[PDB]
Amino acid sequence: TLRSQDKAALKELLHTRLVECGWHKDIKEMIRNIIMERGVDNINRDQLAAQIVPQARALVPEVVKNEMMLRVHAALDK
Amino acid sequence: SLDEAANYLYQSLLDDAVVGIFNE
């Protein structure tokens with residue numbers, strides 16, 4: 001039950017950490033590598049963002065995850 | 001109770017960050 005102000009900020013923050021910490025780089029490696037082995041027309045996209053969603057959550061440094069779970073709590077409970 | 005709900009927020013914002021990349 002969020003102040004939609006905070007939502008905008010949480011979204012801006014996640015992006016800033018994920019750039020810094022190399023998460024951005026590694027996800028683009030993964031996609032480029034998957035597509036290179038698949039074929040582009042060959043792929044069935046979302047047969048694709050679905051496949052890697054497990055891997056991407058688990059690539060998140062536990063330090064990043066903790067700061068995020070910090071603010072998400074300080075919001076969901078006011 | 002909010003526990004499960006905090007996990008839905010984080011997981012939704014994160015799946016939305018993957019698409020972020022994915023579009024460009």
# chains A, B, ... in the order shown; residues from 1 in each chain; ligands from 1
call {"tool": "residues_around", "arguments": {"residues": "residue A:23", "least_positions_apart": "4", "cutoff": "8 Å", "atoms": "only C-alpha atoms", "output": "PyMOL selection string"}}
result
chain A and resi 18-19+27+59-60
call {"tool": "interface_residues", "arguments": {"of": "chain B", "to": "chain A", "cutoff": "9 Å", "atoms": "only C-alpha atoms", "output": "PDB file with N, CA and C atoms, in the first residue's frame"}}
result
ATOM      1  N   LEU B   2       3.313  -8.709   5.579  1.00  0.00           N
ATOM      2  CA  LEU B   2       4.050  -7.859   4.636  1.00  0.00           C
ATOM      3  C   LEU B   2       5.317  -8.539   4.085  1.00  0.00           C
ATOM      4  N   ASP B   3       5.938  -9.490   4.830  1.00  0.00           N
ATOM      5  CA  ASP B   3       7.083 -10.309   4.407  1.00  0.00           C
ATOM      6  C   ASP B   3       6.959 -10.804   2.957  1.00  0.00           C
ATOM      7  N   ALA B   5       4.805  -9.847   0.790  1.00  0.00           N
ATOM      8  CA  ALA B   5       4.484  -8.655   0.016  1.00  0.00           C
ATOM      9  C   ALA B   5       5.722  -7.832  -0.339  1.00  0.00           C
ATOM     10  N   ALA B   6       6.688  -7.671   0.586  1.00  0.00           N
ATOM     11  CA  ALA B   6       8.015  -7.104   0.299  1.00  0.00           C
ATOM     12  C   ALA B   6       8.800  -7.890  -0.753  1.00  0.00           C
ATOM     13  N   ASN B   7       8.581  -9.206  -0.771  1.00  0.00           N
ATOM     14  CA  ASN B   7       9.245 -10.111  -1.689  1.00  0.00           C
ATOM     15  C   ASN B   7       8.612  -9.974  -3.076  1.00  0.00           C
ATOM     16  N   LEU B   9       7.229  -7.055  -4.290  1.00  0.00           N
ATOM     17  CA  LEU B   9       7.722  -5.757  -4.761  1.00  0.00           C
ATOM     18  C   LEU B   9       9.099  -5.895  -5.429  1.00  0.00           C
ATOM     19  N   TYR B  10      10.088  -6.329  -4.610  1.00  0.00           N
ATOM     20  CA  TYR B  10      11.487  -6.531  -4.997  1.00  0.00           C
ATOM     21  C   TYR B  10      11.567  -7.418  -6.246  1.00  0.00           C
ATOM     22  N   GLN B  11      10.884  -8.567  -6.221  1.00  0.00           N
ATOM     23  CA  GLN B  11      10.896  -9.490  -7.349  1.00  0.00           C
ATOM     24  C   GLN B  11      10.264  -8.861  -8.596  1.00  0.00           C
ATOM     25  N   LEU B  13       9.972  -5.325  -9.374  1.00  0.00           N
ATOM     26  CA  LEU B  13      10.957  -4.309  -9.779  1.00  0.00           C
ATOM     27  C   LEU B  13      12.212  -4.907 -10.455  1.00  0.00           C
ATOM     28  N   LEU B  14      12.654  -6.104 -10.022  1.00  0.00           N
ATOM     29  CA  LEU B  14      13.817  -6.798 -10.575  1.00  0.00           C
ATOM     30  C   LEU B  14      13.509  -7.451 -11.912  1.00  0.00           C
ATOM     31  N   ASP B  15      12.413  -8.205 -12.013  1.00  0.00           N
ATOM     32  CA  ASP B  15      11.955  -8.698 -13.314  1.00  0.00           C
ATOM     33  C   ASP B  15      11.734  -7.525 -14.302  1.00  0.00           C
ATOM     34  N   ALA B  17      13.562  -4.759 -14.278  1.00  0.00           N
ATOM     35  CA  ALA B  17      14.903  -4.283 -14.646  1.00  0.00           C
ATOM     36  C   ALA B  17      15.543  -5.108 -15.751  1.00  0.00           C
ATOM     37  N   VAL B  18      15.231  -6.412 -15.785  1.00  0.00           N
ATOM     38  CA  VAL B  18      15.673  -7.324 -16.831  1.00  0.00           C
ATOM     39  C   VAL B  18      15.082  -6.923 -18.185  1.00  0.00           C
ATOM     40  N   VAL B  19      13.783  -6.583 -18.223  1.00  0.00           N
ATOM     41  CA  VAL B  19      13.110  -6.106 -19.429  1.00  0.00           C
ATOM     42  C   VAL B  19      13.771  -4.788 -19.883  1.00  0.00           C
ATOM     43  N   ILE B  21      16.977  -3.542 -19.751  1.00  0.00           N
ATOM     44  CA  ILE B  21      18.005  -4.100 -20.634  1.00  0.00           C
ATOM     45  C   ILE B  21      17.349  -4.589 -21.926  1.00  0.00           C
ATOM     46  N   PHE B  22      16.490  -5.623 -21.785  1.00  0.00           N
ATOM     47  CA  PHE B  22      15.965  -6.462 -22.864  1.00  0.00           C
ATOM     48  C   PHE B  22      15.412  -5.650 -24.042  1.00  0.00           C
TER      49      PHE B  22
END
call {"tool": "atom_distance", "arguments": {"atom1": "atom CA of residue A:61", "atom2": "atom CA of residue A:43"}}
result
29.4 Å
call {"tool": "atom_distance", "arguments": {"atom1": "atom CA of residue A:12", "atom2": "atom CA of residue A:51"}}
result
25.2 Å
call {"tool": "decode", "arguments": {"residues": "stretch 52-65 of chain A", "atoms": "N, CA and C atoms", "output": "PDB file, in the first residue's frame"}}
result
ATOM      1  N   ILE A  52      15.643 -17.008 -18.097  1.00  0.00           N
ATOM      2  CA  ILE A  52      16.762 -16.404 -17.387  1.00  0.00           C
ATOM      3  C   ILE A  52      16.355 -15.689 -16.094  1.00  0.00           C
ATOM      4  N   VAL A  53      15.054 -15.596 -15.783  1.00  0.00           N
ATOM      5  CA  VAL A  53      14.560 -14.855 -14.622  1.00  0.00           C
ATOM      6  C   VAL A  53      15.091 -15.491 -13.328  1.00  0.00           C
ATOM      7  N   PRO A  54      15.092 -16.840 -13.145  1.00  0.00           N
ATOM      8  CA  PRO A  54      15.824 -17.482 -12.060  1.00  0.00           C
ATOM      9  C   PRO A  54      17.286 -17.054 -11.924  1.00  0.00           C
ATOM     10  N   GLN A  55      18.054 -17.082 -13.023  1.00  0.00           N
ATOM     11  CA  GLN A  55      19.484 -16.783 -12.964  1.00  0.00           C
ATOM     12  C   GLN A  55      19.729 -15.338 -12.511  1.00  0.00           C
ATOM     13  N   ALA A  56      18.942 -14.371 -13.027  1.00  0.00           N
ATOM     14  CA  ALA A  56      19.114 -12.940 -12.767  1.00  0.00           C
ATOM     15  C   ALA A  56      18.850 -12.523 -11.334  1.00  0.00           C
ATOM     16  N   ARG A  57      17.919 -13.195 -10.637  1.00  0.00           N
ATOM     17  CA  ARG A  57      17.641 -12.853  -9.247  1.00  0.00           C
ATOM     18  C   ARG A  57      18.782 -13.274  -8.318  1.00  0.00           C
ATOM     19  N   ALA A  58      19.384 -14.407  -8.668  1.00  0.00           N
ATOM     20  CA  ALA A  58      20.422 -15.080  -7.917  1.00  0.00           C
ATOM     21  C   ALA A  58      21.817 -14.527  -8.213  1.00  0.00           C
ATOM     22  N   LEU A  59      22.037 -13.875  -9.375  1.00  0.00           N
ATOM     23  CA  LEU A  59      23.214 -13.011  -9.595  1.00  0.00           C
ATOM     24  C   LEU A  59      23.278 -11.731  -8.728  1.00  0.00           C
ATOM     25  N   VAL A  60      22.274 -11.371  -7.895  1.00  0.00           N
ATOM     26  CA  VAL A  60      22.216 -10.079  -7.205  1.00  0.00           C
ATOM     27  C   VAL A  60      23.085 -10.174  -5.942  1.00  0.00           C
ATOM     28  N   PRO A  61      24.293  -9.521  -5.815  1.00  0.00           N
ATOM     29  CA  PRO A  61      25.018  -9.436  -4.538  1.00  0.00           C
ATOM     30  C   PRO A  61      24.114  -9.256  -3.324  1.00  0.00           C
ATOM     31  N   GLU A  62      24.419  -9.951  -2.231  1.00  0.00           N
ATOM     32  CA  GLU A  62      23.528 -10.011  -1.061  1.00  0.00           C
ATOM     33  C   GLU A  62      23.520  -8.663  -0.315  1.00  0.00           C
ATOM     34  N   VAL A  63      24.558  -7.826  -0.575  1.00  0.00           N
ATOM     35  CA  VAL A  63      24.651  -6.461  -0.084  1.00  0.00           C
ATOM     36  C   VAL A  63      23.619  -5.549  -0.758  1.00  0.00           C
ATOM     37  N   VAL A  64      23.448  -5.696  -2.085  1.00  0.00           N
ATOM     38  CA  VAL A  64      22.454  -4.961  -2.849  1.00  0.00           C
ATOM     39  C   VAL A  64      21.082  -5.349  -2.320  1.00  0.00           C
ATOM     40  N   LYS A  65      20.814  -6.662  -2.331  1.00  0.00           N
ATOM     41  CA  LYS A  65      19.555  -7.208  -1.863  1.00  0.00           C
ATOM     42  C   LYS A  65      19.185  -6.665  -0.505  1.00  0.00           C
TER      43      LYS A  65
END
